[PDB]
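Okay, model10.cif is below, mmCIF, N, CA and C atoms:
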data_query
#
loop_
_atom_site.label_atom_id
_atom_site.label_comp_id
_atom_site.auth_asym_id
_atom_site.auth_seq_id
_atom_site.Cartn_x
_atom_site.Cartn_y
_atom_site.Cartn_z
N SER O 2 95.90 213.75 3.14
CA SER O 2 95.99 213.18 1.77
C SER O 2 96.47 211.71 1.62
N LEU O 3 97.01 211.10 2.67
CA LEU O 3 97.01 209.62 2.76
C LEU O 3 96.38 209.25 4.10
N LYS O 4 95.30 208.47 4.04
CA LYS O 4 94.56 208.07 5.24
C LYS O 4 95.14 206.79 5.84
N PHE O 5 95.05 206.68 7.17
CA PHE O 5 95.43 205.50 7.92
C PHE O 5 94.16 204.96 8.58
N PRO O 6 93.40 204.14 7.84
CA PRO O 6 92.08 203.71 8.33
C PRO O 6 92.07 202.49 9.26
N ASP O 7 93.22 201.90 9.53
CA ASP O 7 93.28 200.65 10.30
C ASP O 7 93.85 200.78 11.72
N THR O 8 93.66 201.93 12.34
CA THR O 8 94.23 202.14 13.66
C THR O 8 93.31 201.72 14.81
N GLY O 9 92.01 201.70 14.53
CA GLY O 9 90.99 201.50 15.55
C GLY O 9 90.85 202.67 16.53
N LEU O 10 91.49 203.80 16.23
CA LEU O 10 91.41 204.96 17.13
C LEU O 10 90.00 205.50 17.22
N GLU O 11 89.22 205.27 16.16
CA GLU O 11 87.88 205.84 16.01
C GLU O 11 86.84 205.08 16.80
N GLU O 12 87.19 203.88 17.24
CA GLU O 12 86.19 202.93 17.76
C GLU O 12 85.54 203.37 19.06
N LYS O 13 86.28 204.01 19.96
CA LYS O 13 85.69 204.43 21.23
C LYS O 13 85.90 205.91 21.56
N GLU O 14 84.83 206.56 22.00
CA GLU O 14 84.93 207.92 22.52
C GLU O 14 85.77 207.89 23.79
N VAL O 15 86.58 208.91 23.97
CA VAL O 15 87.55 208.92 25.04
C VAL O 15 87.63 210.32 25.60
N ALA O 16 88.04 210.44 26.86
CA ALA O 16 88.25 211.72 27.51
C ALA O 16 89.31 212.49 26.77
N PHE O 17 89.12 213.80 26.65
CA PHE O 17 90.13 214.64 26.02
C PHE O 17 91.50 214.51 26.67
N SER O 18 91.55 214.53 28.00
CA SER O 18 92.82 214.47 28.72
C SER O 18 93.67 213.25 28.32
N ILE O 19 93.00 212.13 28.03
CA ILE O 19 93.67 210.87 27.67
C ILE O 19 94.36 210.99 26.31
N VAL O 20 93.62 211.48 25.32
CA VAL O 20 94.19 211.74 23.98
C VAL O 20 95.31 212.76 24.05
N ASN O 21 95.06 213.85 24.77
CA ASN O 21 95.99 214.93 24.90
C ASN O 21 97.31 214.41 25.47
N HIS O 22 97.25 213.71 26.61
CA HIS O 22 98.48 213.23 27.24
C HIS O 22 99.23 212.18 26.39
N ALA O 23 98.50 211.18 25.90
CA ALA O 23 99.07 210.14 25.02
C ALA O 23 99.72 210.74 23.77
N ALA O 24 99.00 211.60 23.05
CA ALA O 24 99.60 212.28 21.89
C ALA O 24 100.88 213.05 22.23
N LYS O 25 100.86 213.88 23.28
CA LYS O 25 102.03 214.68 23.62
C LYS O 25 103.20 213.77 24.03
N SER O 26 102.89 212.64 24.65
CA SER O 26 103.91 211.72 25.16
C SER O 26 104.62 211.04 24.00
N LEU O 27 103.97 210.97 22.83
CA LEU O 27 104.58 210.36 21.64
C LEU O 27 105.12 211.38 20.64
N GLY O 28 105.22 212.63 21.08
CA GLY O 28 105.87 213.66 20.30
C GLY O 28 104.95 214.43 19.36
N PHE O 29 103.63 214.27 19.50
CA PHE O 29 102.72 215.11 18.72
C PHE O 29 102.71 216.53 19.31
N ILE O 30 102.57 217.54 18.45
CA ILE O 30 102.25 218.91 18.91
C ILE O 30 100.86 219.24 18.42
N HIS O 31 100.11 220.00 19.19
CA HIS O 31 98.80 220.33 18.68
C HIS O 31 98.96 221.54 17.74
N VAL O 32 98.08 221.59 16.76
CA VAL O 32 98.11 222.59 15.71
C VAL O 32 97.56 223.91 16.26
N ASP O 33 98.17 225.02 15.83
CA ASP O 33 97.83 226.37 16.32
C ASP O 33 96.51 226.85 15.71
N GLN O 34 95.45 226.10 15.94
CA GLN O 34 94.12 226.48 15.49
C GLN O 34 93.26 226.22 16.71
N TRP O 35 92.70 227.29 17.28
CA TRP O 35 92.08 227.15 18.59
C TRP O 35 90.58 227.06 18.45
N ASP O 36 90.00 225.96 18.92
CA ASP O 36 88.62 225.63 18.57
C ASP O 36 88.03 224.82 19.73
N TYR O 37 86.93 225.31 20.29
CA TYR O 37 86.18 224.57 21.30
C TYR O 37 85.66 223.21 20.83
N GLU O 38 85.64 222.97 19.52
CA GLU O 38 85.02 221.77 18.97
C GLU O 38 85.99 220.75 18.37
N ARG O 39 87.24 221.15 18.15
CA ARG O 39 88.21 220.29 17.45
C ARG O 39 89.62 220.55 17.93
N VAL O 40 90.42 219.49 18.01
CA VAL O 40 91.84 219.60 18.25
C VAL O 40 92.54 218.79 17.15
N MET O 41 93.73 219.24 16.75
CA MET O 41 94.52 218.48 15.77
C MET O 41 95.92 218.34 16.31
N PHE O 42 96.40 217.10 16.35
CA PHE O 42 97.73 216.80 16.88
C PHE O 42 98.57 216.37 15.68
N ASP O 43 99.69 217.06 15.42
CA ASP O 43 100.60 216.68 14.30
C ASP O 43 101.90 216.08 14.80
N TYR O 44 102.36 215.07 14.09
CA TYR O 44 103.70 214.57 14.31
C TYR O 44 104.52 214.93 13.07
N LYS O 45 105.52 215.78 13.27
CA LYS O 45 106.40 216.26 12.19
C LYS O 45 107.45 215.20 11.83
N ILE O 46 107.44 214.76 10.57
CA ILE O 46 108.40 213.77 10.05
C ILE O 46 109.29 214.43 9.00
N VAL O 47 110.57 214.59 9.33
CA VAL O 47 111.53 215.18 8.40
C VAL O 47 112.28 214.06 7.68
N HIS O 48 112.22 214.06 6.35
CA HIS O 48 112.81 213.01 5.52
C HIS O 48 113.57 213.65 4.35
N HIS O 49 114.52 212.91 3.77
CA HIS O 49 115.30 213.41 2.61
C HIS O 49 114.43 214.10 1.55
N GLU O 50 113.30 213.47 1.22
CA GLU O 50 112.38 213.97 0.19
C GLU O 50 111.45 215.11 0.63
N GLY O 51 111.53 215.52 1.89
CA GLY O 51 110.71 216.62 2.38
C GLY O 51 110.25 216.43 3.82
N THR O 52 109.40 217.34 4.26
CA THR O 52 108.85 217.34 5.61
C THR O 52 107.38 216.95 5.48
N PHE O 53 106.97 215.99 6.31
CA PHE O 53 105.63 215.47 6.31
C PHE O 53 105.00 215.72 7.67
N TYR O 54 103.67 215.72 7.72
CA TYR O 54 102.98 215.78 8.99
C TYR O 54 101.95 214.65 9.05
N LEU O 55 101.98 213.92 10.15
CA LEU O 55 100.96 212.91 10.49
C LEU O 55 99.97 213.56 11.46
N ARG O 56 98.71 213.64 11.07
CA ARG O 56 97.74 214.44 11.81
C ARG O 56 96.65 213.54 12.39
N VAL O 57 96.38 213.69 13.68
CA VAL O 57 95.31 212.94 14.37
C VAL O 57 94.36 213.99 14.92
N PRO O 58 93.22 214.20 14.24
CA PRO O 58 92.20 215.14 14.72
C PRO O 58 91.23 214.48 15.70
N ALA O 59 90.72 215.26 16.65
CA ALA O 59 89.68 214.76 17.57
C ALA O 59 88.58 215.79 17.73
N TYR O 60 87.36 215.32 17.96
CA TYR O 60 86.18 216.21 17.90
C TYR O 60 85.37 216.13 19.17
N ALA O 61 84.88 217.28 19.62
CA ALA O 61 84.07 217.34 20.83
C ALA O 61 82.78 216.56 20.61
N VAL O 62 82.45 215.69 21.57
CA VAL O 62 81.17 214.97 21.60
C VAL O 62 80.31 215.46 22.74
N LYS O 63 80.84 215.44 23.96
CA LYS O 63 80.06 215.99 25.08
C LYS O 63 80.97 216.87 25.90
N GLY O 64 80.70 218.17 25.93
CA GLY O 64 81.62 219.12 26.51
C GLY O 64 82.49 219.80 25.45
N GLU O 65 83.17 220.87 25.85
CA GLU O 65 84.04 221.62 24.96
C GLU O 65 85.49 221.19 25.14
N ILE O 66 86.22 221.17 24.04
CA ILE O 66 87.65 221.03 24.10
C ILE O 66 88.21 222.39 24.60
N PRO O 67 89.25 222.38 25.46
CA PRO O 67 90.07 221.31 26.01
C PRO O 67 89.82 220.94 27.49
N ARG O 68 88.56 220.91 27.89
CA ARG O 68 88.27 220.48 29.25
C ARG O 68 88.70 219.00 29.35
N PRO O 69 89.53 218.67 30.35
CA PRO O 69 90.06 217.30 30.45
C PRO O 69 89.03 216.17 30.37
N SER O 70 87.86 216.33 30.99
CA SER O 70 86.84 215.28 30.98
C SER O 70 85.84 215.28 29.81
N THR O 71 85.96 216.29 28.93
CA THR O 71 85.21 216.31 27.69
C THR O 71 85.41 215.03 26.89
N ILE O 72 84.32 214.46 26.42
CA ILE O 72 84.40 213.23 25.64
C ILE O 72 84.61 213.64 24.18
N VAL O 73 85.64 213.05 23.56
CA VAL O 73 85.97 213.32 22.16
C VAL O 73 85.93 212.10 21.25
N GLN O 74 85.73 212.36 19.95
CA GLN O 74 85.77 211.35 18.91
C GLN O 74 87.05 211.56 18.10
N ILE O 75 87.96 210.59 18.14
CA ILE O 75 89.16 210.64 17.31
C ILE O 75 88.79 210.22 15.90
N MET O 76 89.33 210.93 14.90
CA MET O 76 89.05 210.59 13.51
C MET O 76 90.28 210.02 12.80
N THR O 77 90.06 209.53 11.59
CA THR O 77 91.05 208.81 10.82
C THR O 77 92.31 209.67 10.62
N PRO O 78 93.47 209.21 11.11
CA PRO O 78 94.70 209.96 10.89
C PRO O 78 95.01 210.16 9.41
N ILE O 79 95.69 211.26 9.11
CA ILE O 79 95.99 211.67 7.75
C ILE O 79 97.47 212.05 7.67
N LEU O 80 98.18 211.51 6.68
CA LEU O 80 99.58 211.90 6.41
C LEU O 80 99.60 212.91 5.26
N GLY O 81 100.28 214.02 5.47
CA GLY O 81 100.37 215.04 4.41
C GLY O 81 101.82 215.44 4.18
N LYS O 82 102.06 216.02 3.02
CA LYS O 82 103.38 216.52 2.65
C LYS O 82 103.27 218.03 2.59
N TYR O 83 104.27 218.71 3.14
CA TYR O 83 104.34 220.16 3.06
C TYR O 83 104.96 220.54 1.71
N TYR O 84 104.35 221.50 1.02
CA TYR O 84 104.86 221.97 -0.27
C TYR O 84 105.33 223.42 -0.16
N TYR O 85 106.31 223.62 0.71
CA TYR O 85 106.83 224.95 0.99
C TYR O 85 107.51 225.54 -0.25
N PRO O 86 107.49 226.87 -0.40
CA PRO O 86 106.81 227.88 0.40
C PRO O 86 105.36 228.18 0.00
N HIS O 87 104.91 227.67 -1.15
CA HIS O 87 103.68 228.20 -1.77
C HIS O 87 102.56 227.18 -2.00
N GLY O 88 102.79 225.94 -1.59
CA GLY O 88 101.78 224.88 -1.66
C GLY O 88 101.69 224.12 -2.99
N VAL O 89 102.48 224.55 -3.98
CA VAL O 89 102.41 224.00 -5.34
C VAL O 89 103.13 222.65 -5.44
N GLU O 90 102.40 221.64 -5.89
CA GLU O 90 102.96 220.30 -6.12
C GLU O 90 103.39 220.17 -7.58
N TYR O 91 104.67 219.91 -7.79
CA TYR O 91 105.24 219.87 -9.13
C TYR O 91 105.40 218.44 -9.63
N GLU O 92 105.89 217.57 -8.74
CA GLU O 92 106.03 216.15 -9.02
C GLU O 92 105.03 215.33 -8.20
N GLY O 93 103.81 215.87 -8.09
CA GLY O 93 102.73 215.26 -7.32
C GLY O 93 103.10 214.83 -5.91
N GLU O 94 102.60 213.65 -5.52
CA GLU O 94 102.91 213.12 -4.20
C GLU O 94 102.96 211.61 -4.04
N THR O 95 104.09 211.18 -3.51
CA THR O 95 104.32 209.82 -3.13
C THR O 95 104.78 209.95 -1.69
N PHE O 96 104.60 208.89 -0.93
CA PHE O 96 105.08 208.89 0.43
C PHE O 96 106.07 207.76 0.54
N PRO O 97 107.33 208.09 0.90
CA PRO O 97 108.37 207.09 1.07
C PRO O 97 107.90 206.03 2.05
N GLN O 98 108.29 204.79 1.81
CA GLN O 98 107.91 203.68 2.69
C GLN O 98 108.35 203.92 4.13
N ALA O 99 109.55 204.49 4.31
CA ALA O 99 110.12 204.78 5.63
C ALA O 99 109.22 205.72 6.43
N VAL O 100 108.63 206.69 5.73
CA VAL O 100 107.69 207.65 6.33
C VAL O 100 106.39 206.93 6.73
N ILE O 101 105.84 206.13 5.81
CA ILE O 101 104.65 205.32 6.10
C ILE O 101 104.88 204.39 7.30
N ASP O 102 106.06 203.77 7.35
CA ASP O 102 106.42 202.86 8.43
C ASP O 102 106.47 203.57 9.76
N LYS O 103 107.14 204.72 9.78
CA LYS O 103 107.13 205.64 10.92
C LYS O 103 105.70 205.96 11.41
N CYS O 104 104.81 206.25 10.47
CA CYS O 104 103.40 206.54 10.79
C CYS O 104 102.69 205.33 11.40
N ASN O 105 102.81 204.17 10.76
CA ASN O 105 102.19 202.94 11.30
C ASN O 105 102.67 202.62 12.71
N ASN O 106 103.97 202.75 12.95
CA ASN O 106 104.52 202.52 14.28
C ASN O 106 104.00 203.50 15.34
N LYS O 107 103.98 204.78 15.02
CA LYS O 107 103.53 205.80 15.96
C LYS O 107 102.04 205.61 16.29
N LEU O 108 101.25 205.40 15.25
CA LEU O 108 99.82 205.22 15.42
C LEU O 108 99.49 203.95 16.21
N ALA O 109 100.30 202.92 16.03
CA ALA O 109 100.11 201.64 16.72
C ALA O 109 100.28 201.88 18.21
N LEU O 110 101.32 202.64 18.54
CA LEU O 110 101.70 202.93 19.90
C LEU O 110 100.69 203.89 20.54
N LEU O 111 100.23 204.87 19.75
CA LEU O 111 99.14 205.75 20.18
C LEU O 111 97.86 205.02 20.52
N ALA O 112 97.42 204.12 19.64
CA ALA O 112 96.23 203.32 19.86
C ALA O 112 96.35 202.47 21.13
N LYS O 113 97.55 201.93 21.37
CA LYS O 113 97.88 201.19 22.61
C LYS O 113 97.91 202.06 23.87
N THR O 114 98.62 203.19 23.82
CA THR O 114 98.80 204.11 24.95
C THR O 114 97.45 204.67 25.40
N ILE O 115 96.67 205.18 24.45
CA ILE O 115 95.31 205.64 24.73
C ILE O 115 94.51 204.54 25.44
N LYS O 116 94.57 203.31 24.93
CA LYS O 116 93.84 202.19 25.52
C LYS O 116 94.54 201.63 26.75
#
Target encoding structure tokens, full file:
Amino acid sequence: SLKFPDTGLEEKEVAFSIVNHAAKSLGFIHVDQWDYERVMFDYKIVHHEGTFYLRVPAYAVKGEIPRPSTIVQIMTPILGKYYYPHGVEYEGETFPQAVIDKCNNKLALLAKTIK
């Protein structure tokens, strides 16, 4: 629900193993949704105003995920807010600058580490 379109992560197809290792090394956990065609890596951000997740999804291009040499397409990262327990947004959604800054820094380092 907030996109980070300026990372350049999307520009080059990359081996799954590279994304996998770089993401895990920067504290991402992969999401418990098991799919030969897609992986999603979340970075959990806990802030005074709530818990957020920064999500970097990647998609199978040649080969199945999670074979290390499978070529994947990384897509535009997305920042979301958790609305526990029931998903209902009462005061809509804003993202604190500190959270956005955290996201820009992590993504910058991810784009570098992968490359």
Can you tell me, as a ChimeraX atom specification, what residues are no more than 10 Å from residue O:66 when counting only C-alpha atoms, ignoring any on the same chain fewer than 3 positions away? /O:16-18,35-40,59-63,69-73
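Atom to atom, atom N of residue O:45 and atom C of residue O:80 stand 10.4 Å apart.
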Quick one: residues within 6.5 Å of stretch 19-24 of chain O, all atoms listed in the file counted, chain neighbours fewer than 5 positions away excluded, as an MDAnalysis selection string? chainID O and resid 29:30 69 111 114:115
How many Å lie between atom C of residue O:53 and atom C of residue O:83, rounded to one decimal?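 Rounded to one decimal, the two atoms are 7.7 Å apart.
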I would like the residues chosen by the PyMOL selection byres (((chain O and resi 42 and name CA) around 6) and name CA) on the shown file; could you give them as a list in words?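 When the PyMOL selection byres (((chain O and resi 42 and name CA) around 6) and name CA) is applied, the selected residues are residues 29, 30, 31, 32, 41, 43, 56 and 57 of chain O.
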Taking the file above as input, evaluate the PyMOL selection byres (((chain O and resi 100 and name CA) around 12) and name CA) and report the hits as number ranges by chain. O: 3, 44-55, 80-82, 95-99, 101-107
For the selection you just gave me, I'd like the residues written to a file as a PDB file, in the frame of the given file, keeping N, CA and C atoms.
ATOM      1  N   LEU O   3      97.010 211.100   2.670  1.00  0.00           N
ATOM      2  CA  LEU O   3      97.010 209.620   2.760  1.00  0.00           C
ATOM      3  C   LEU O   3      96.380 209.250   4.100  1.00  0.00           C
ATOM      4  N   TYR O  44     102.360 215.070  14.090  1.00  0.00           N
ATOM      5  CA  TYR O  44     103.700 214.570  14.310  1.00  0.00           C
ATOM      6  C   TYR O  44     104.520 214.930  13.070  1.00  0.00           C
ATOM      7  N   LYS O  45     105.520 215.780  13.270  1.00  0.00           N
ATOM      8  CA  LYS O  45     106.400 216.260  12.190  1.00  0.00           C
ATOM      9  C   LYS O  45     107.450 215.200  11.830  1.00  0.00           C
ATOM     10  N   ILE O  46     107.440 214.760  10.570  1.00  0.00           N
ATOM     11  CA  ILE O  46     108.400 213.770  10.050  1.00  0.00           C
ATOM     12  C   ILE O  46     109.290 214.430   9.000  1.00  0.00           C
ATOM     13  N   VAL O  47     110.570 214.590   9.330  1.00  0.00           N
ATOM     14  CA  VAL O  47     111.530 215.180   8.400  1.00  0.00           C
ATOM     15  C   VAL O  47     112.280 214.060   7.680  1.00  0.00           C
ATOM     16  N   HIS O  48     112.220 214.060   6.350  1.00  0.00           N
ATOM     17  CA  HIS O  48     112.810 213.010   5.520  1.00  0.00           C
ATOM     18  C   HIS O  48     113.570 213.650   4.350  1.00  0.00           C
ATOM     19  N   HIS O  49     114.520 212.910   3.770  1.00  0.00           N
ATOM     20  CA  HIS O  49     115.300 213.410   2.610  1.00  0.00           C
ATOM     21  C   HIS O  49     114.430 214.100   1.550  1.00  0.00           C
ATOM     22  N   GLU O  50     113.300 213.470   1.220  1.00  0.00           N
ATOM     23  CA  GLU O  50     112.380 213.970   0.190  1.00  0.00           C
ATOM     24  C   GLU O  50     111.450 215.110   0.630  1.00  0.00           C
ATOM     25  N   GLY O  51     111.530 215.520   1.890  1.00  0.00           N
ATOM     26  CA  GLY O  51     110.710 216.620   2.380  1.00  0.00           C
ATOM     27  C   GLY O  51     110.250 216.430   3.820  1.00  0.00           C
ATOM     28  N   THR O  52     109.400 217.340   4.260  1.00  0.00           N
ATOM     29  CA  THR O  52     108.850 217.340   5.610  1.00  0.00           C
ATOM     30  C   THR O  52     107.380 216.950   5.480  1.00  0.00           C
ATOM     31  N   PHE O  53     106.970 215.990   6.310  1.00  0.00           N
ATOM     32  CA  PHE O  53     105.630 215.470   6.310  1.00  0.00           C
ATOM     33  C   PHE O  53     105.000 215.720   7.670  1.00  0.00           C
ATOM     34  N   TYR O  54     103.670 215.720   7.720  1.00  0.00           N
ATOM     35  CA  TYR O  54     102.980 215.780   8.990  1.00  0.00           C
ATOM     36  C   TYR O  54     101.950 214.650   9.050  1.00  0.00           C
ATOM     37  N   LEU O  55     101.980 213.920  10.150  1.00  0.00           N
ATOM     38  CA  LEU O  55     100.960 212.910  10.490  1.00  0.00           C
ATOM     39  C   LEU O  55      99.970 213.560  11.460  1.00  0.00           C
ATOM     40  N   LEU O  80      98.180 211.510   6.680  1.00  0.00           N
ATOM     41  CA  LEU O  80      99.580 211.900   6.410  1.00  0.00           C
ATOM     42  C   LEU O  80      99.600 212.910   5.260  1.00  0.00           C
ATOM     43  N   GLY O  81     100.280 214.020   5.470  1.00  0.00           N
ATOM     44  CA  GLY O  81     100.370 215.040   4.410  1.00  0.00           C
ATOM     45  C   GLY O  81     101.820 215.440   4.180  1.00  0.00           C
ATOM     46  N   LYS O  82     102.060 216.020   3.020  1.00  0.00           N
ATOM     47  CA  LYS O  82     103.380 216.520   2.650  1.00  0.00           C
ATOM     48  C   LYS O  82     103.270 218.030   2.590  1.00  0.00           C
ATOM     49  N   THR O  95     104.090 211.180  -3.510  1.00  0.00           N
ATOM     50  CA  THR O  95     104.320 209.820  -3.130  1.00  0.00           C
ATOM     51  C   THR O  95     104.780 209.950  -1.690  1.00  0.00           C
ATOM     52  N   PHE O  96     104.600 208.890  -0.930  1.00  0.00           N
ATOM     53  CA  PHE O  96     105.080 208.890   0.430  1.00  0.00           C
ATOM     54  C   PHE O  96     106.070 207.760   0.540  1.00  0.00           C
ATOM     55  N   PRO O  97     107.330 208.090   0.900  1.00  0.00           N
ATOM     56  CA  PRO O  97     108.370 207.090   1.070  1.00  0.00           C
ATOM     57  C   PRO O  97     107.900 206.030   2.050  1.00  0.00           C
ATOM     58  N   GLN O  98     108.290 204.790   1.810  1.00  0.00           N
ATOM     59  CA  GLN O  98     107.910 203.680   2.690  1.00  0.00           C
ATOM     60  C   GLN O  98     108.350 203.920   4.130  1.00  0.00           C
ATOM     61  N   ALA O  99     109.550 204.490   4.310  1.00  0.00           N
ATOM     62  CA  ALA O  99     110.120 204.780   5.630  1.00  0.00           C
ATOM     63  C   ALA O  99     109.220 205.720   6.430  1.00  0.00           C
ATOM     64  N   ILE O 101     105.840 206.130   5.810  1.00  0.00           N
ATOM     65  CA  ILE O 101     104.650 205.320   6.100  1.00  0.00           C
ATOM     66  C   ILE O 101     104.880 204.390   7.300  1.00  0.00           C
ATOM     67  N   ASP O 102     106.060 203.770   7.350  1.00  0.00           N
ATOM     68  CA  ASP O 102     106.420 202.860   8.430  1.00  0.00           C
ATOM     69  C   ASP O 102     106.470 203.570   9.760  1.00  0.00           C
ATOM     70  N   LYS O 103     107.140 204.720   9.780  1.00  0.00           N
ATOM     71  CA  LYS O 103     107.130 205.640  10.920  1.00  0.00           C
ATOM     72  C   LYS O 103     105.700 205.960  11.410  1.00  0.00           C
ATOM     73  N   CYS O 104     104.810 206.250  10.470  1.00  0.00           N
ATOM     74  CA  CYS O 104     103.400 206.540  10.790  1.00  0.00           C
ATOM     75  C   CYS O 104     102.690 205.330  11.400  1.00  0.00           C
ATOM     76  N   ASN O 105     102.810 204.170  10.760  1.00  0.00           N
ATOM     77  CA  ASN O 105     102.190 202.940  11.300  1.00  0.00           C
ATOM     78  C   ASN O 105     102.670 202.620  12.710  1.00  0.00           C
ATOM     79  N   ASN O 106     103.970 202.750  12.950  1.00  0.00           N
ATOM     80  CA  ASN O 106     104.520 202.520  14.280  1.00  0.00           C
ATOM     81  C   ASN O 106     104.000 203.500  15.340  1.00  0.00           C
ATOM     82  N   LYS O 107     103.980 204.780  15.020  1.00  0.00           N
ATOM     83  CA  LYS O 107     103.530 205.800  15.960  1.00  0.00           C
ATOM     84  C   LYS O 107     102.040 205.610  16.290  1.00  0.00           C
TER      85      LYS O 107
END
When DSSP works through the backbone of this structure, what residues of chain O end up as helix (DSSP H, G or I), shown as a PyMOL selection string? chain O and resi 17-26+98-115
Between atom N of residue O:79 and atom N of residue O:8, what is the distance in Å, rounded to a tenth?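 These atoms are spaced 10.1 Å apart.
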